[PDB]
Structures are given as structure tokens and as C-alpha cells.
Amino acid sequence: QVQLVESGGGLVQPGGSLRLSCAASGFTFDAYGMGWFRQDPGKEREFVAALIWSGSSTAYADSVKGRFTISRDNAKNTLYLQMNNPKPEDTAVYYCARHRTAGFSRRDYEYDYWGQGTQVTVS
């Protein structure tokens with residue numbers, strides 16, 4: 001009963017902020033790496049950011065570095081994506097995903113569970 005439920009997507013102005021949340025359950029959350037991917041219609045899923053089980057090490061797509069912050073809360077079993085400087089290029093459906101390992105990678109097929117997605121639109 002692995003469940004990953006995203007929320008927080010919506011319309012945001014390029015001079016604003018938006019925080020995505022992913023409520024995880026049905027597995028030992030703090031044993032796995034977690035990530036965010038995004039997808040534009042007709043295109044492949046693009047890696048956005050990921051972090052290891054503990055949150056101590058992170059990785060970001062070069063195009064979002066310095067604008068987004070990934071974090072997790074290992075008591076609440078929640079994964080976050082804080083968009084501090086959103087841009088029009090960020091418009092996409094965002095998915096949270098569980099890595100198959102305690103760490104992470106940039107390959108979508110190495111994440112074994114996926115959420116339902118949340119649309120982000122940057123005007």
C-alpha cells in the first residue's frame with residue numbers, strides 16, 4: 001500500500017513562490033531516497049531534484065539550481081519542493097517518486113513508485 005500524494009501546484013507569477021508537498025505512506029520513508037520529476041505534454045519526464053534517505057545529500061537539474069530547494073521531513077513522512085524563484089520554463093506536471101535505493105539517481109526508471117502529479121503553471 002505504497003502511497004505518494006502530491007499537493008500545492010497552482011498558478012504562480014514569475015516573481016512569487018510556491019511549495020509542493022508529497023505525503024508518503026505504506027513504506028519506511030526514511031529508508032529511501034526520494035525525488036521530483038516534471039513533464040510537459042508530449043515530452044519525457046525530466047529530473048528536477050532528489051535527496052538521499054536522511055536528506056544530507058541532494059542533487060538538482062542544472063536549470064533549477066539556486067531557484068528550487070528540495071527537503072524532507074522524516075517524522076511527518078513528507079517530501080517538499082520549495083520554488084523560491086519560479087520561471088515560465090518551470091510550467092509542467094510535477095511528480096514525486098521513491099528511488100529504489102537509499103540514495104538517488106537521475107534516471108526515471110530507477111524510481112519504483114510514483115505519485116499522481118500536480119500541475120504547476122508560471123505566468
Side-chain angles (χ1 to χ4, degrees):
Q1 225 184 180
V2 172
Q3 302 194 77
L4 296 177
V5 181
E6 303 94 333
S7 60
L11 185 61
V12 61
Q13 295 267 28
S17 82
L18 199 69
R19 182 175 177 88
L20 304 185
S21 295
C22 169
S25 64
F27 64 103
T28 305
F29 184 68
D30 70 0
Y32 293 88
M34 297 287 304
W36 291 98
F37 282 77
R38 72 190 176 183
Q39 187 169 38
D40 293 5
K43 298 191 177 180
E44 294 180 356
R45 293 188 294 202
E46 174 184 22
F47 174 79
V48 175
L51 81 186
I52 68 169
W53 64 276
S54 65
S56 195
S57 288
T58 65
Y60 295 89
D62 291 342
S63 68
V64 312
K65 224 177 256 184
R67 306 193 292 108
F68 292 4
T69 299
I70 192 173
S71 67
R72 68 196 291 162
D73 182 317
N74 282 351
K76 291 184 182 164
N77 293 348
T78 312
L79 171 71
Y80 303 105
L81 187 65
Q82 177 71 46
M83 299 176 59
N84 292 312
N85 186 11
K87 287 167 104 167
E89 67 198 65
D90 302 324
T91 297
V93 174
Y94 283 70
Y95 295 89
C96 65
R98 187 184 82 169
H99 202 245
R100 60 202 195 173
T101 80
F104 59 75
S105 71
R106 301 188 186 224
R107 297 156 165 181
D108 62 349
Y109 56 87
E110 294 181 345
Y111 290 74
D112 56 357
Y113 287 90
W114 291 74
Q116 63 194 59
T118 186
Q119 177 76 56
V120 167
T121 309
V122 186
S123 59

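All values below were derived from every heavy atom in this structure, side-chain atoms included, with hydrogens, water molecules and symmetry-related copies excluded. This chain uses plain numbering: 1 for the first residue, then up along the sequence.
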Is [X] reaching over with its side chain to a backbone N or O of [Y], donor-acceptor style, under 3.5 angstrom?
X	Y	answer
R72	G33	no
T78	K76	yes
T91	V122	yes

Contact summary for [X] and [Y], nearest pair of heavy atoms:
X	Y	answer
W114	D108	CZ2-O, 3.3 Å
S57	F104	O-CE2, 3.8 Å
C96	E6	N-OE2, 2.9 Å
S123	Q13	OG-OE1, 2.7 Å

Listed by chain and number, what are the side-chain hydrogen bond (donor to acceptor under 3.5 Å, both in side chains) partners of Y95, not counting sequence neighbours?
none
Grouping I, L, V, M, F, W and Y whenever their side-chain heavy atoms are under 4.5 Å apart, do [X] and [Y] come out in a common cluster?
X	Y	result
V93	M83	no
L20	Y80	no
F27	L79	yes
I70	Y32	yes
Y60	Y94	yes

To the nearest 0.5 Å, how far apart are [atom1] in [X] and [atom2] in [Y]?
X	Y	atom1	atom2	value
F37	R106	CZ	CZ	10.0 Å
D40	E46	CG	CD	7.5 Å
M34	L81	CE	CG	12.0 Å
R67	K65	CZ	NZ	12.5 Å
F47	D62	CZ	CG	10.0 Å

Stepwise side-chain contact (heavy atoms from CB on, under 4.5 Å) check, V64 with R38
CA-CA 12 Å; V64 312; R38 72 190 176 183; 3.9 Å; yes
Taking the side chain as C-beta and beyond, is there a heavy-atom pair between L4 and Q116 under 4.5 Å?
no
Hey, are the side chains of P14 and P86 touching, using non-hydrogen atoms and a 4.5 Å cut-off?
no
Qualifying residue for salt bridge (charged side-chain N to carboxylate O under 4.0 Å, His left out) with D112, from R98, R107, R100
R98
Do the side-chain N and O atoms of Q82 and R19 include a donor-acceptor pair separated by under 3.5 angstrom?
yes
Among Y111, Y113, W53, which residue satisfies the side-chain contact (heavy atoms from CB on, under 4.5 Å) criterion with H99?
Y111
Partner of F68 by side-chain contact (heavy atoms from CB on, under 4.5 Å), out of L18, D90, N85
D90
